[PDB]
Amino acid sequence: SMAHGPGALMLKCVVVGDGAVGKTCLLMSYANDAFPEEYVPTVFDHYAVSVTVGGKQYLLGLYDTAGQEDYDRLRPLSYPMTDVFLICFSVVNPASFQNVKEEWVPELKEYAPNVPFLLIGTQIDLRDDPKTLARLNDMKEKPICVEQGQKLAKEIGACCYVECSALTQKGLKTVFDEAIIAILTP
């Protein structure tokens, strides 16, 4: 190794889900072990981190994707040779939860048929924020709870349900550990 540093098998994880569920922030927060305080992009640059699985090392490549409608056309460009997807919804946006079964799961079933994926509930620090709960209880909506995520993950055939907050980093480690296990599960 005079020409280059440590190297390793590269794996590819792509993140999909609704506008404003926290995909980008989930990725920047995992990568930098801090919530992005400065300027947050629509889409985070391709980025990888080293992990140590079962005494073997791997580079987990992290691909972000926009969930709006300007970025519809070009999104499936990210999908080829993916090893695992994360389908994110925000536990304080029920509408994104209903878009799992009805928008993100069909898209994956059409383009990466036999690629495993997880179901990730995001922004769980808002689940009991006074300001948020009340904005929600204006529409007699309430936050998605843990039991609803687990149930939904089974129906759709996700490998599991994991929750996190990008803000405090709770659950983040588990999200990506489980993405790896789901891949390295021969």
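The first residue of the shown sequence is 1; numbering continues from there.
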### Message
Please compare 59-67 with 133-141 and name the stretch with the higher mean C-alpha B-factor in the deposited structure.
### Response
133-141
### Task
Would you determine, from the values in the PDB entry, which of 85-93 and 72-80 has the greater average C-alpha temperature factor?
72-80
### Per the PDB entry, maximal CA B factor within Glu38, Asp45, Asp33, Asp125
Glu38
### Task
Classify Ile181 as lowest, middle or highest third according to the C-alpha B-factor given in the PDB entry, relative to its own chain.
lowest
### Query
Is the Cα B-factor recorded for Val146 in the lowest, middle or highest third of its chain?
highest
## Note on the structure
Here the Cα B-factor of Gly157, set against its chain, lands in the third termed middle
### Query
Considering only modelled residues of the same chain, in which third does the CA B-factor of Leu119 rank: lowest, middle or highest?
middle
